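Peer 1: Handing you this structure, nothing more for now.
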Amino acid sequence: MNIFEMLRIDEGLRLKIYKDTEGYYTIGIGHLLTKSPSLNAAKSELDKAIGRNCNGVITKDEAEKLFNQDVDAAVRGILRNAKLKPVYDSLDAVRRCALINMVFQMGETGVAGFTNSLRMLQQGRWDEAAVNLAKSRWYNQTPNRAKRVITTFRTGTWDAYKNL
């Protein structure tokens with residue numbers, strides 16, 4: 001299992017604009033297009049992002065290309081971030097994927113706000129951190145996915161996804 005497979009499980013693949021659980025316009029593998037209500041604003045962002053007139057629809061290849069970009073950008077964002085970098089550096093390879101997953105979903109800034117959990121992860125206090133991470137809107141709003149990520153941080157294995 002790797003970061004791409006992990007996120008492909010959590011986000012799914014959709015080739016037509018769709019709304020995410022928060023109600024935002026998304027396409028492909030969890031690629032947020034805009035927080036704006038306008039489907040039109042969404043279609044424009046899409047064409048801008050693909051470099052073609054997509055008319056709200058894209059090919060598998062295009063979705064995978066966006067995915068590669070988003071993952072790369074998530075990783076680089078963590079590495080550039082003063083709060084995130086030290087945590088990342090302190091984790092094993094599986095747990096690193098779990099932090100990338102959170103960043104992909106909620107952005108650098110949002111994850112950077114998990115001050116207390118970050119601190120626990122850095123100190124390698126797995127169980128404590130799992131319990132703190134669950135006390136979030138994040139967990140309450142998308143509990144199945146959050147549980148998967150949380151279990152990854154707790155155990156350091158891919159058990160949560162080995163099911164899936």
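Residue names in the structure tokens use chain letters A, B, ... in the order shown, residue numbers from 1 in each chain, and ligand numbers from 1 in the order shown.
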Please list as a PyMOL selection string every residue within 12 Å of range 157-159 of chain A, counting only C-alpha atoms and excluding residues in the same chain fewer than 4 positions away.
Peer 2: chain A and resi 1-3+5-6+92-98+147-153+163-164
Peer 1: Using only C-alpha atoms, which residues sit within 8 Å of range 60-73 of chain A once same-chain residues fewer than 5 positions away are excluded, as a PyMOL selection string?
Peer 2: chain A and resi 4+13+15+27-31+50+100+104
Peer 1: Could you state the separation of CA of residue 87 in chain A and CA of residue 21 in chain A in Å, given to one decimal place?
Peer 2: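 Computing the Euclidean distance for CA of residue 87 in chain A and CA of residue 21 in chain A yields 28.0 Å.
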Peer 1: Show which residues sit within 12 Å of range 40-46 of chain A, as a PyMOL selection string. Count only C-alpha atoms, and ignore same-chain residues fewer than 6 positions away.
Peer 2: chain A and resi 15-19+24-28+31-34+52-58+62-63+66
Peer 1: Any chance you can output those residues with C-alpha atoms as a PDB file, in the first residue's frame?
Peer 2:
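New file again_10.pdb:
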ATOM      1  CA  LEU A  15     -14.959  11.752 -13.986  1.00  0.00           C
ATOM      2  CA  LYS A  16     -17.830  14.243 -13.839  1.00  0.00           C
ATOM      3  CA  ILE A  17     -18.015  17.341 -11.492  1.00  0.00           C
ATOM      4  CA  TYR A  18     -19.579  16.351  -8.284  1.00  0.00           C
ATOM      5  CA  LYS A  19     -20.144  17.713  -4.869  1.00  0.00           C
ATOM      6  CA  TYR A  24     -18.117  21.639  -2.758  1.00  0.00           C
ATOM      7  CA  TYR A  25     -17.522  21.154  -6.448  1.00  0.00           C
ATOM      8  CA  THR A  26     -14.884  18.444  -6.994  1.00  0.00           C
ATOM      9  CA  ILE A  27     -13.741  16.155  -9.825  1.00  0.00           C
ATOM     10  CA  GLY A  28     -11.369  13.179 -10.174  1.00  0.00           C
ATOM     11  CA  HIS A  31      -9.593  17.455  -6.487  1.00  0.00           C
ATOM     12  CA  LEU A  32     -11.418  20.438  -5.020  1.00  0.00           C
ATOM     13  CA  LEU A  33     -12.411  22.854  -7.710  1.00  0.00           C
ATOM     14  CA  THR A  34     -14.011  25.760  -5.882  1.00  0.00           C
ATOM     15  CA  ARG A  52      -9.131  22.267 -22.345  1.00  0.00           C
ATOM     16  CA  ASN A  53     -12.881  22.776 -22.668  1.00  0.00           C
ATOM     17  CA  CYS A  54     -14.063  19.961 -20.555  1.00  0.00           C
ATOM     18  CA  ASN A  55     -17.594  20.778 -20.224  1.00  0.00           C
ATOM     19  CA  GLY A  56     -17.558  19.236 -16.681  1.00  0.00           C
ATOM     20  CA  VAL A  57     -16.091  15.969 -17.698  1.00  0.00           C
ATOM     21  CA  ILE A  58     -12.564  14.552 -17.759  1.00  0.00           C
ATOM     22  CA  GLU A  62      -6.620  13.742 -16.577  1.00  0.00           C
ATOM     23  CA  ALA A  63      -7.863  12.719 -13.157  1.00  0.00           C
ATOM     24  CA  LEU A  66      -4.456  16.158 -11.194  1.00  0.00           C
TER      25      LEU A  66
END
Peer 1: Select from chain A everything DSSP, run on the backbone, classes as alpha helix (DSSP H), then give the selection as an NGL selection string.
Peer 2: :A and (3-11 or 39-50 or 60-80 or 84-90 or 93-112 or 115-122 or 126-133 or 137-141 or 143-155 or 159-162)
Peer 1: Counting only C-alpha atoms, which residues of range 38-106 of chain A fall within 9 Å of range 120-133 of chain A, and what is the closest atom pair for each with its distance in Å at one decimal, ordered by chain and rising number, as a Markdown table?
Peer 2:
| residue | atom | partner | partner_atom | distance |
| --- | --- | --- | --- | --- |
| A:86 | CA | A:122 | CA | 7.6 |
| A:87 | CA | A:122 | CA | 5.2 |
| A:88 | CA | A:122 | CA | 8.2 |
| A:89 | CA | A:122 | CA | 8.8 |
| A:90 | CA | A:122 | CA | 6.0 |
| A:91 | CA | A:122 | CA | 7.4 |
Peer 1: Please produce an output containing C-alpha atoms for each residue in the selection, written as a CSV table (one decimal), in the first residue's frame.
Peer 2:
chain,number,residue,atom,x,y,z
A,86,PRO,CA,9.2,18.5,12.3
A,87,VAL,CA,6.3,16.1,12.8
A,88,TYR,CA,6.7,14.6,9.4
A,89,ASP,CA,10.4,14.1,10.0
A,90,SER,CA,9.7,12.4,13.2
A,91,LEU,CA,7.4,9.8,11.8
Peer 1: Quick one: DSSP strand (DSSP E) residues in chain A, as a list in words?
Peer 2: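 Secondary structure check on chain A, strand (DSSP E): residues 14, 15, 16, 17, 18, 19, 25, 26, 27, 28, 31, 32, 33 and 34 of chain A.
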